[PDB]
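> Sharing a structure, written as structure tokens. Questions coming.
All Cβ positions, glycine included, derive from the backbone under ideal geometry; neighbour counts span all protein chains shown. A short reminder: the numbers here are calculations on the coordinates, not readings from a lab.
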Amino acid sequence: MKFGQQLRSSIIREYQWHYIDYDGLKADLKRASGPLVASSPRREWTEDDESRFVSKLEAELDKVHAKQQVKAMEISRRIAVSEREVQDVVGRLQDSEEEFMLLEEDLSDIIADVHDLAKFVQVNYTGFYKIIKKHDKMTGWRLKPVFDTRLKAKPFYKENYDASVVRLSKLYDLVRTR
Ligand SMILES: O=P(O)(O)O[C@H]1[C@H](OP(=O)(O)O)[C@@H](OP(=O)(O)O)[C@H](OP(=O)(O)O)[C@@H](OP(=O)(O)O)[C@H]1OP(=O)(O)O
């Protein structure tokens, strides 16, 4: 594989300082402080090395989850203000081609922002998934049993955000047709 270069190439300036420190966590796995193990020598992985890695991994997990929250909530706010704008536009034109034009460009920008956030969620989820399996393969100590459900854990906004994205798709189809 070539994730180290893949993640670096797929960096958006909007999320630039909030991506996984994949190279940083990979370097931490090589920094073992236990007894020297012979192989036809490299130091062994300890409880202290494990505690250091988990703390560094959790700090990276919070950094990603914080950026995922701020952007999704801003998108949910952007959907809410645009939904009202479409509602009074469809309402007034029931009781102008330019009005649909401005709304079509505004709603499509949110769809692109949803995809760019989905790309960030994708590249980061793969990042943690790959580094956790790398830890289990290099050290021998398994981190996957509790970290698989920690990454699959759904935040508070996720249920309301997914419904907003569903409405956004319906709002865009309504302005494009009329
Ligand atoms: O191809 P790169 O992006 O330059 O990075 C590779 C690649 O790492 P990632 O795919 O996880 O980013 C190898 O991983 P695999 O091909 O095994 O999936 C990994 O190999 P090992 O895990 O077996 O070590 C190797 O590591 P390294 O050379 O540090 O031992 C590492 O290379 P670099 O870290 O030197 O870029």
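> Mind listing whichever residues of region 10-48 are more than 10 Å from the ligand (Cβ to nearest atom) and among the hydroxyl-bearing types (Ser, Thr, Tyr)?
Within region 10-48, 10, 15, 19, 33, 39, 40, 46 qualify.
> Got a number for residues in region 43-53 being surrounded by fewer than 16 Cβ atoms within 10 Å (Cβ to Cβ), under 27 Å from the mean Cα position of the chain (by Cα) and not acidic (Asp, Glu)?
Counting residues in region 43-53 that are surrounded by fewer than 16 Cβ atoms within 10 Å (Cβ to Cβ), under 27 Å from the mean Cα position of the chain (by Cα) and not acidic (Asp, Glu) gives 2.
> Which residue pairs have Cβ atoms under 8 Å apart, sit 6 or more places apart or on different chains, and have a first residue in region 125-152 that is under 14 Å from residue 32 (Cα atoms) and a second that is within 14 Å of the ligand (Cβ to nearest atom) and small (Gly, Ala, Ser)?
Here the result reads 139/32, each pair linking region 125-152 to a residue that is within 14 Å of the ligand (Cβ to nearest atom) and small (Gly, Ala, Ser).
> Is there a residue in region 43-58 that is in contact with a strand residue (DSSP E or B) (Cβ under 9 Å, 6 or more places away or on another chain) and of a type in the set (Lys, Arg)?
Yes, region 43-58 contains at least one residue that is in contact with a strand residue (DSSP E or B) (Cβ under 9 Å, 6 or more places away or on another chain) and of a type in the set (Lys, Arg).
> Identify all residues within region 141-152 that are over 16 Å from residue 60 (Cα atoms) and not in a helix (DSSP H, G or I); write none if there are none.
141, 142
> How many residues does region 24-42 contain that are in a loop (DSSP other than H, G, I, E, B) and either surrounded by 13 or more Cβ atoms within 10 Å (Cβ to Cβ) or of a type in the set (A, V, I, L, M, F, W, C) (or both)?
Qualifying residue count, region 24-42: 3.
> Can I ask one more? Would you confirm whether or not region 131-140 contains a residue that is more than 19 Å from the chain's Cα centre (by Cα), closer than 30 Å to residue 3 by Cβ and not in a helix (DSSP H, G or I)?
Checked against the condition, which is being more than 19 Å from the chain's Cα centre (by Cα), closer than 30 Å to residue 3 by Cβ and not in a helix (DSSP H, G or I), region 131-140 yields at least one hit.
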